[PDB]
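Protein sequence lines correspond, in order, to chains A and B.
Sequential numbering from 419 applies to the first sequence in this note's numbering.
Sequential numbering from 6 applies to the second sequence in this note's numbering.
Written out below as structure tokens is the structure these notes cover.
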Amino acid sequence: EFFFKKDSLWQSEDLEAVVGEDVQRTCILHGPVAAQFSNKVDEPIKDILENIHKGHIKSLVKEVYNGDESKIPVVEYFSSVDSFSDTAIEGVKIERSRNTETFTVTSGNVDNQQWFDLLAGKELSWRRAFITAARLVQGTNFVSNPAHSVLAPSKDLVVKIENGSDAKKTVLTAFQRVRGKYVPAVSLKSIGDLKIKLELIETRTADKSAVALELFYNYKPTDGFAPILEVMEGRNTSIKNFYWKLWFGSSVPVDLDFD
Amino acid sequence: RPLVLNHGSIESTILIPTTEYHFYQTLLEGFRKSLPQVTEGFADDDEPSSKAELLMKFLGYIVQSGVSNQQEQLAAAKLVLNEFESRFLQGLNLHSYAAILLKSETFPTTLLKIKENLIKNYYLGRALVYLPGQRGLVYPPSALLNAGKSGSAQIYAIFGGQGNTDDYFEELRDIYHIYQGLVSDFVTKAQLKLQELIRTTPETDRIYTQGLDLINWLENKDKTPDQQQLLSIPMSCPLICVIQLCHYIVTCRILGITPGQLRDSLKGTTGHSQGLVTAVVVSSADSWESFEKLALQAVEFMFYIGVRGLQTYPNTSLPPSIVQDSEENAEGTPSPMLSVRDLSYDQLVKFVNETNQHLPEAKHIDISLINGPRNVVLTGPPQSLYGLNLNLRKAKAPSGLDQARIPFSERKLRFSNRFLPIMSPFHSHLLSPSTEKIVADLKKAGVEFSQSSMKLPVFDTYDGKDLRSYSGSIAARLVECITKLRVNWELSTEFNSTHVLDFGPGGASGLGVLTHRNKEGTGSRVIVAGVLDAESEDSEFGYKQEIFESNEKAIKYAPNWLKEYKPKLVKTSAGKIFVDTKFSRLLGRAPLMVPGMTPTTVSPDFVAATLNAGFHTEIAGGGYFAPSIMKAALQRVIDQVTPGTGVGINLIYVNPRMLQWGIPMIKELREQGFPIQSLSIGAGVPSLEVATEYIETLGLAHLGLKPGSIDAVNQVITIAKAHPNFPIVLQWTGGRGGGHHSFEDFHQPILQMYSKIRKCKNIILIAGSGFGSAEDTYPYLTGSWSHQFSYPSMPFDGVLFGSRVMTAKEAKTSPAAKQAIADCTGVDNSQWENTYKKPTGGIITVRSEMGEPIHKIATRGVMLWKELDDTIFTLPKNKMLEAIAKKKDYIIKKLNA
Ligand SMILES: Cc1cc2nc3c(=O)[nH]c(=O)nc-3n(C[C@H](O)[C@H](O)[C@H](O)COP(=O)(O)O)c2cc1C
């Protein structure tokens, strides 16, 4: 019984190995239901499974959308969206004054999951795909999302969204307090299209002028499980350009062609 | 000036009287000794445990222990009443404030403390103040009844019958104790309706031995007859009807409305057998005097049914070897009503017929009322109902039959039958002689209901028709529906209801929780309307605190499963239609995936082919034997797939050797950063402690689980309820369709566990077991698969394709084996259990390496595998070797060919 029933599944894969390439001596696992249609053999996997998917879509259109495609709830990208319907966050001073949204978090700890809902809300733009993303793709590498760290609600923090309920011209800007004064810590905007620019700014530098660490990202709405990808082709110089002007002056040019 | 009324550890309760405090100082000096001493944490029942329970039993002191004049008793009572109605409860009324007071961790009060100290003493203060109750609209806007009056919250009333509880009188004792000021105008006039008009002047009377002093029994539990005189029909039929009408008088008096003002806020209002009489007086009441003139008619109605129903079938005593036998074989006392539950109707129609044939025509057993598809009661003579109780005893499974590791071989059924606590054969031929005696007796008095002064409908129990559009005497129809006609409860309650009110005499055991599974997932919250019991964490039935609510947004609804989990469509802004499903929201792809199959999803060239197609899959860990080769195979998916996509990992639980490396390798890959997004545990659910090392330590996005049995599905829920924020994906695969079994039917356990699964709102439910086309699995996405079992829509969150994927182009199965799958013919979802006898189009089951009924295509190798299992491989140590030695020449010809 050891020699008979052991490692007997791979002969279906290559049956050049079996004696005379007989298929009747192999062991192919198959459930009894779902075998009465399979006459189409050596079919691509994008056609075996999309035709089940397109066959469901065609059956839902005539059923719950009355045979009309114009009643589908058109979205920008497709992923999970969580419910935080009532705006009752604990410590905040939300005001909306003619496309400027100041969100001075007052005291304690707010719900962070509710905080990022306010931080990018009521649309499906690049901003909601950035602040509420659960993953960042570092070139086939799922890491934690940076917006849950650079925009984590600390005490006395303040963000200012310019026209986030208007268009693609949204400029989110988080301010924080050093030496009693509000300085522009974090900035965030959409340069070009399908490209996001996140720049973290430090004000205490060598020559006492603020320098910004420009980090760029991709944004594909065709994936919703991970819609944000950091571009990495040139960010190691972008950090070295940042730390040059911060350690040394902005007077001396950034020199990387050393020996 | 302030005033303290402390007790032990709570000093905070401060009322503000006037400056004339000589009266208040001599008030509380008796109150300071009136309450018992501190039970080290307020554990006594006569002792106040909250800040409000001190103020209310102080009010209960100054009303019940009245020593001064009435001018200062009345003034001090409404001073405590106003400081309580403006500081503790504001806006919301008493039991809604007592709802949140009971579930208070910082003050551990219980139910008998909160009803005796708080609820009872409040309505004593509401009794000496506002004595008739004709003014002073301080009553809050009950938002459930307001929404039912105008809105999409239609309310239906339900009235119980008989046999819900054996001690029904302790409900009437309880409502007369707490609400003594409310239900006393009716109970003193129902007692003087019975004993003064119709018990002193019937034709003859030896059936009321102890009299019917009702008021004397409620305040003195030593004058109450004990439990068998009370269950007797002459003083159980009027007394159950008093209990239901007292629950309707109390509910109309907490809200301060008339019975005709609660009437327009609902519709429907049917009853079971005994409560259909209560269903007419509710639907035809108009005012507080149109009610009482009509509520006493329903008492005089049920007096004649109880009296004449005993004179045509009197109670009898059974042999005590019959009674002691049934009481020790897990039933009750043999009574004329026996309730068979969880047995299908076409099986107990022949279990009755195989007992009725050995019996005379008079001693027949009739199916008297059908409460549901698996819930009927039977009715005959009690010695004859003990007849089929012995027949049912030989077709019942014991507690350890184990048709869960054994397939459907034994024909032992898992049901339960028990005798109801009813002392008369209702809805049978045994009581139908007492009909023309009653109709000619209701015609002697004015106990004919009007049939046109009822404004709500009343659904008949026999055929479900409305009683407003019924020609004939409606009182003569009501005795037909109790004495002889079968209660057909399913089509008597085939209405569309958002909430259902049960003023039953059972409370937490009445018609609400009894017929609860009849309308489980169609969005009808049943509200028991007689008991408070604010502990309600599960959401299958409400309580009396949900009749009234101040705000509209605290109305708890019921889970309409079709409405919540309906598949929808979404279109991106590039022209890509998805199917909006709870599983498809998790992946951002289509709701259909491919599991971790051992010979065919082991190749990285195929796993990457079905990931580029836009579908989820998982590379199986069964075909890998060391973490270095598996990590090099996981990487080989990531090269030939576009960046941003993830993989899944299927690890098998029944070898710890694969979990020796597999669980660490995922942890070393995730913290270094790798697109592994999922982990399914095949062939067994891990225990709760070892599961949280997979959720917390590994960086997975969602955990897959494949429960096979019905305890594993319960075991998944204890992992899901341990942390509700992680997407635990439940992959349900039955016996059919798979490469292995779950040993049971496919859609029998999820027909019972769909309600438990959907309460966990992080469990994603995925159907398996052999799907292969769009029309094959479309009843499973929409929920129209359970329609053929008289069940509601139970829709799935996506499905998964196993053996249908094996003949793909990129699948690494060989082309001679691909056509061997196509020439194999399939069976339907029903006749899959004939695999261990015959080839079902070319598929049998054999034992596994460790021993599992693994499905295979019936080729010549598997027919040899099957033959050696049933001739050699399932033999002992000693006997195997000579069966080898006998057929050694025969086996070798089979192995070589
Ligand atoms: C060839 C084959 C191999 C399988 N291997 C595994 C496995 O390794 N682990 C597991 O949990 N299920 C395995 N399964 C079962 C699948 O997960 C799934 O339950 C089954 O394929 C349902 O098939 P159906 O879609 O044809 O109904 C396998 C099924 C087949 C057909």
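All residues carry an ideal CB built from backbone N, CA and C; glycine is no exception.
Run through chain B and tell me which residues come within less than 7 angstroms of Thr444 of chain A, C-beta to C-beta. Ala822, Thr864, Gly866
So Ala644 of chain A contacts chain B; which residues on that side make the cut at Cβ distance below 7 angstroms? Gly649
Which stretch, first to last residue, makes up the alpha helix (DSSP H) that contains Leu197 of chain B? 192 to 198
Please state the DSSP three-state secondary structure of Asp894 of chain B. It is helical.
Buried or exposed, going by whether 16 or more other CB atoms sit within 10 Å of the CB of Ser421 of chain B? The residue is exposed, with fewer than 16 neighbouring Cβ atoms inside 10 Å.
Alpha carbons only, please: which of A:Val493, A:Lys638, A:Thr444, A:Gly526 is nearest the one belonging to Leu554 of chain A? The residue with the shortest Cα to Cα distance from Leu554 of chain A is A:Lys638.
Does the Cβ of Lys823 of chain B lie closer than 8 angstroms to at least one heavy atom of ligand 1? no
Report the option in A:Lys663, A:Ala453, A:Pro462 whose CA atom is closest to the CA atom of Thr621 of chain A. A:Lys663
Based on DSSP bridge pairs, tell me the residues matched to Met598 of chain B. B:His621, B:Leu805
Identify, in the order they occur along the chain, each residue of the same chain with its Cβ nearer than 8 angstroms to the Cβ of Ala559 of chain B, setting aside the five sequence neighbours on each side. Closer than 8 angstroms at Cβ, skipping near neighbours: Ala148.
Give the range of the beta strand (DSSP E) segment to which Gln736 of chain B is assigned. 733 to 737
Between the Cα of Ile411 of chain B and those of B:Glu749, B:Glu34, B:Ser798, spot the shortest distance and give me the residue it belongs to. B:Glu749
Buried or exposed: where does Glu569 of chain B fall if 16 or more other Cβ atoms within 10 Å of its Cβ makes it buried? exposed
Backbone CA spacing between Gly547 of chain B and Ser17 of chain B [nearest angstrom]: C-alpha of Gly547 of chain B to C-alpha of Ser17 of chain B: approximately 33 angstroms in a straight line.
Please report the straight-line C-alpha distance between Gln167 of chain B and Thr338 of chain B, rounded to a whole angstrom. Going from the Cα of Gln167 of chain B to the Cα of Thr338 of chain B covers about 16 angstroms.
Leaving out the 5 sequence neighbours to the left and right, which residues in its chain are closer than 6 angstroms to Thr782 of chain B when beta-carbon positions are compared? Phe776, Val804
Say the cut is 8 angstroms; is the CB of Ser426 of chain A nearer than that to a heavy atom of ligand 1? no
For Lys636 of chain B and chain A, any beta-carbon pair shorter than 9 angstroms? no
Helix, strand or coil at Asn530 of chain A [DSSP, three-state]: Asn530 of chain A sits in a helix when the DSSP states are folded into three classes.
Nearest to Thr274 of chain B by alpha carbon, out of B:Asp471, B:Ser331, B:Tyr144? B:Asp471
Grouping DSSP H, G and I as helix and E and B as strand, with all else coil, what is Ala630 of chain A? strand
If you draw a straight line from the alpha carbon of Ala453 of chain A to that of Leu427 of chain A, how long is it in whole angstroms? 20 angstroms
Continuous beta strand (DSSP E) assignments of at least 3 residues falling wholly in the stretch 235 to 317 of chain B: Here the runs fully enclosed are 272 to 276.
Buried or exposed, going by whether 16 or more other CB atoms sit within 10 Å of the CB of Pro319 of chain B? exposed
Provide the residue span of the alpha helix (DSSP H) that contains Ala450 of chain B, from first to last. Per DSSP, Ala450 of chain B belongs to no alpha helix (DSSP H) and is neither H nor E.
Go ahead and pull the three-state DSSP assignment for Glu513 of chain A. strand
What's the gap between the Cα of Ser589 of chain B and the Cα of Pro596 of chain B? Rounded to whole angstroms, the separation of the alpha carbons of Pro596 of chain B and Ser589 of chain B is 4 angstroms.
Can you grab the Cα-Cα spacing for the pair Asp227 of chain B / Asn493 of chain B, in whole Å? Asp227 of chain B and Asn493 of chain B: Cα-Cα distance of roughly 40 angstroms.
Please report the distance separating the alpha-carbon of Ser478 of chain B from that of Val282 of chain B. 14 angstroms
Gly628 of chain B, buried or exposed, once every other Cβ within 10 Å from all chains shown has been counted against 16: buried
Which residues in chain A have a C-beta closer than 8 angstroms to the C-beta of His860 of chain B? List them in chain order. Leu447, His448, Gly449, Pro450
Is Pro450 of chain A closer than 9 angstroms to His745 of chain B when the C-beta atoms are compared? no
Any heavy atom of ligand 1 closer than 8 angstroms to the beta-carbon of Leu770 of chain B? no
Indicate whether the contact test is met: 3 or more Cβ pairs, each with one atom in the stretch 372 to 384 of chain B and one in the stretch 332 to 348 of chain B, closer than 8 angstroms. Between the stretch 372 to 384 of chain B and the stretch 332 to 348 of chain B, the count of C-beta pairs closer than 8 angstroms reaches three or more; the two stretches touch.
Determine whether the beta carbon atoms of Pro53 of chain B and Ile105 of chain B lie at a separation below 9 angstroms. no
Is there contact here, the stretch 350 to 363 of chain B with the stretch 393 to 403 of chain B, by at least three beta-carbon pairs under 8 angstroms? The stretch 350 to 363 of chain B is in contact with the stretch 393 to 403 of chain B.
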